[PDB]
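Novice: here is my input; please provide its structure:
(7 chains)
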Amino acid sequence: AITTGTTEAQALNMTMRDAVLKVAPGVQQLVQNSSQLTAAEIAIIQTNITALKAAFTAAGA
Amino acid sequence: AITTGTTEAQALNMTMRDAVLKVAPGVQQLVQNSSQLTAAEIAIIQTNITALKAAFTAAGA
Amino acid sequence: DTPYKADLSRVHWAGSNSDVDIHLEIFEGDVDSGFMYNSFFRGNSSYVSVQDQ
Amino acid sequence: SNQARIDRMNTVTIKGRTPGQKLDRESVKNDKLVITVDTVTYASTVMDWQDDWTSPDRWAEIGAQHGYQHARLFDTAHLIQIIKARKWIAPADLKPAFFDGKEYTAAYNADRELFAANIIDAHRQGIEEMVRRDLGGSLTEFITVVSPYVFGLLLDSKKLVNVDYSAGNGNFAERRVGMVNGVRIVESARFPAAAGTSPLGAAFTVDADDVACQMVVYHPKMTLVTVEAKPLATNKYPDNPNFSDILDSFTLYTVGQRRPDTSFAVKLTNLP
Amino acid sequence: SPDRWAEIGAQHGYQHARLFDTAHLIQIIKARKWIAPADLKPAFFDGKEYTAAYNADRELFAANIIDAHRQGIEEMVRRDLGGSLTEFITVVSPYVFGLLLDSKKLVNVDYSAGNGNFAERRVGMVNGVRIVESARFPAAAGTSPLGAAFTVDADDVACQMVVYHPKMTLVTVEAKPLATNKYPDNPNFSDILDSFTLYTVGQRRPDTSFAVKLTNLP
Amino acid sequence: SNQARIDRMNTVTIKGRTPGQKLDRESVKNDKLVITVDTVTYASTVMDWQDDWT
Amino acid sequence: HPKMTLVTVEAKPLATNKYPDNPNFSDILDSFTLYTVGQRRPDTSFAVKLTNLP
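Specialist: Numbers count the residues shown, from 1 in each chain, chains lettered A, B, ... in the order given. The relevant structure is shown in the block below.
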């Protein structure tokens, strides 16, 4: 469960924020246009998505 | 794996994109202030994250 | 209970139903940083200058 | 829009050098803050033409009564938001320039003098902590808000009213006291009385622990920020098809914390 | 991105101002260890240090601090310096400054009338020397940018009260005042800003000062 | 900044009615577009003073 | 369509800069810019593809 009391939880909460904010700008590009749909960039999106799940699990969400 | 170029893929990608922007603002408030850290509000973020995980699984990312 | 609830047009709300927030932030000249400080012990000592000698 | 933004920044560090050496350089970090508006508060009244034609006028009384509730809610929200800022933990990215929110406790005692002494000790601890952060030169701008219970307790202290120590400060018989630890004292009746919800939203709920804090110190410029999208307004109009008149008053705003490093709260424990 | 140079420039000066005062105090805290050379012994005296004992009750701790200060004042009086007590200065940290106010003989009116006020956080003198409050005392052991002469040990960190003579104890030697310089590096894609200064602090007459230490703090 | 935004919006439809009938209402929908700049393109040449003087 | 198909976002238009490098006894000349291109309305264009080329 999520906690917000101590510095140990603060670090995990901070990591989640910048883990999700890296994913945020890619999904919009995935749908708004056909400019940046090369197979080489979907790979970066996939790695960011994979890191997001690990951040969630570490934070205990 | 992520796929593009079809109506079903576009619908799944749109759903995945729309699921992320709900979680996006909650995490910022989770770390920026102490005014929105009550037990009643973290429950909404928990459901948002649970829906985001299902959206990721459905989209295949 | 308003009769128009099912036909509202929400400007900055996207998605299949108007739930996602895409508003724009408003910014002005505000920047927070550390507090200021000024020296106090500058006059309480004997002083000598050798700058160019 | 329904949002506002403010920026944050860190500080630098000093080093040393000798002839023949090159200077070193370091990076600086930054972050942001955002607030949002989510709820409208209102009050409405309706009347019929036939009743209005056969009764003395009373619209002025209701119009006068409408604004008192708005003022009371505003003050209550202000105090509630001030109290909640005693639990913030500063992120490591801004540690040198930003600090944490503090809280101090006072132990309940059967005697009133000892209770007042404990409260004054907690206040002294808070003031010392504030002074250690280079803010000691602006203690003339801070304010202390106390509920009537604490205000009455403060007069029972062995000092702050005794001429031998605090000449010209307060009077026991007249129920008067002006200053403590170099900061002004203000009495307010808007403190929450019991746990519950509020019409403003879910960010203003209070539990048992929150109600125990009846003393707070803050800076009236650098602590809170108010975001407003619609100032309070009124409008009285007739509903011609329905044979009646209506009166409305509404507003839209919110309150948020800006710098929790410039305030602290005192908590009373083991109350009966 | 928007421009942000003014804030950095201000912080650059704030940090220098903060370092000056702490470097000023670190040297006074070290004079307590001075031993006079043999050839000058009859006219020069060694430095002194006194200790206070921690106690749970605040008034007793304040009494201990006051007695420790009184011992140093009495030692000063014996070196024929008693005729200049109006020139000395006392520097006290916020903690010790707040401990003094609890004593019920410096603030009372039956004794020491006219000196201090409990409600306003005001104190005027102690044992005939005026008091000054500063927050620049070192907080932890470590090295300093100014060299090896400014290193602080876990024992110098425990001294939180100091007395010295402004015109006779320390001497400051300066070779370049503070200056700033901003310039572009054309061969690269960067802009830079700098600040620099050159100075030091020394000891002249260590036998005109003393320090008090707090022992067994929890 | 390093990015810009453009808005998107849908359209409406036409209807008709006879006397006594009410009017219906319709809901419009929105979206957005974002662009970003990341890379710089350049050219450069270098000369020596001795060759420049001659 | 030359008016509805593309959009150009610019952070610095084309500029030049000539300077000397005193310690290295040489001169340099540079030109640089920072921009990008994106799709505004893909609705108003199409492409023709050749197939089975040898």
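
Novice: can I get the CA coordinates of the biggest strand by length in chain D in PDB?
Specialist: What stands out as the longest strand in chain D, according to DSSP state E, is strand D:224-239. What follows is strand D:224-239, C-alpha atoms only, in PDB (Å, rounded to 0.1, in the frame of the first residue of the first chain):
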ATOM      1  CA  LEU D 224      -0.400  30.100   1.400                       C
ATOM      2  CA  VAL D 225      -1.700  30.900  -2.100                       C
ATOM      3  CA  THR D 226      -5.300  31.400  -3.200                       C
ATOM      4  CA  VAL D 227      -6.500  30.500  -6.700                       C
ATOM      5  CA  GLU D 228      -9.800  32.200  -7.800                       C
ATOM      6  CA  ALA D 229     -11.800  31.600 -10.900                       C
ATOM      7  CA  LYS D 230     -15.100  33.400 -10.000                       C
ATOM      8  CA  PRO D 231     -15.400  36.000  -7.200                       C
ATOM      9  CA  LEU D 232     -18.500  36.000  -5.000                       C
ATOM     10  CA  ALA D 233     -21.500  37.400  -6.800                       C
ATOM     11  CA  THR D 234     -25.300  37.700  -6.400                       C
ATOM     12  CA  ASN D 235     -28.200  37.800  -8.900                       C
ATOM     13  CA  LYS D 236     -32.000  38.000  -8.300                       C
ATOM     14  CA  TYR D 237     -34.200  37.200 -11.300                       C
ATOM     15  CA  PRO D 238     -37.900  36.300 -11.900                       C
ATOM     16  CA  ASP D 239     -39.100  33.000 -13.300                       C
END
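
Novice: tell me what it is packed against?
Specialist: The contact analysis (3 or more Cβ pairs under 8 Å, 6 or more residues apart in numbering or on different chains; DSSP states H and E) places strand D:224-239 against strand D:3-9, strand D:30-36, helix D:59-83, strand D:244-257. Just so you know, the C-beta spots here come from the backbone N, C-alpha and C atoms, and that holds for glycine as well.

Novice: show me the contact partners of that strand.
Specialist: D:2, D:4, D:6, D:35-37, D:40, D:63, D:66-67, D:70, D:78, D:81-82, D:218, D:244-258 (Cβ atoms under 8 Å, 6 or more residues apart in numbering or on different chains).

Novice: swap in stretch D:173-193?
Specialist: By Cβ under 8 Å, 6+ apart, stretch D:173-193 touches D:72, D:75-76, D:78-80, D:120, D:123-124, D:127, D:139, D:142-148, D:151-152, D:154-155, D:160-161, D:169-170, D:206, D:210-211, D:214, D:217, E:119-121.

Novice: how about 6 Å then?
Specialist: By Cβ atoms under 6 Å, 6 or more residues apart in numbering or on different chains, the list of residues contacting stretch D:173-193 from outside reads D:75-76, D:79, D:123-124, D:127, D:139, D:142-145, D:147, D:151, D:154-155, D:169-170, D:206, D:211, E:119-121.

Novice: picking that back up, the contacts of strand D:224-239, buried ones only, as a PyMOL selection?
Specialist: In PyMOL, this line selects whichever of the contacts of strand D:224-239 come out buried by 16 or more other Cβ atoms under 10 Å in any protein chain shown:
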select buried, chain D and resi 2+4+6+35+36+37+66+70+78+81+82+218+245+247+249+251+252+253+254+255+256+257+258
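
Novice: now do residue D:187: how many residues are near it, please.
Specialist: 12 (other Cβ atoms under 10 Å in any protein chain shown).

Novice: who does the closest residue to residue D:40 other than its chain neighbours form a beta bridge with?
Specialist: Nearest non-adjacent residue to residue D:40, counting by Cβ to Cβ, 6 or more residues apart in numbering or on different chains: residue D:252, 5.1 Å away. The partner list for residue D:252 in beta bridges (DSSP bridges) reads residue D:40, residue D:230.

Novice: residue D:252 and residue D:78, how far apart?
Specialist: 16 Å (Cβ to Cβ, to the nearest Å).

Novice: so residue D:147 touches residue D:216, yeah?
Specialist: No. Counting by Cβ atoms under 6 Å, residue D:147 stays clear of residue D:216, with 10.0 Å between them.

Novice: re the thing from before, make CSV out of the helices and strands packed on strand D:224-239 and add distance to residue C:11.
Specialist: Formatted as CSV, the helices and strands packed on strand D:224-239 follow (distance: least, Cβ to Cβ, whole Å):
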stretch, distance to residue C:11
strand D:3-9, 14
strand D:30-36, 16
helix D:59-83, 28
strand D:244-257, 16
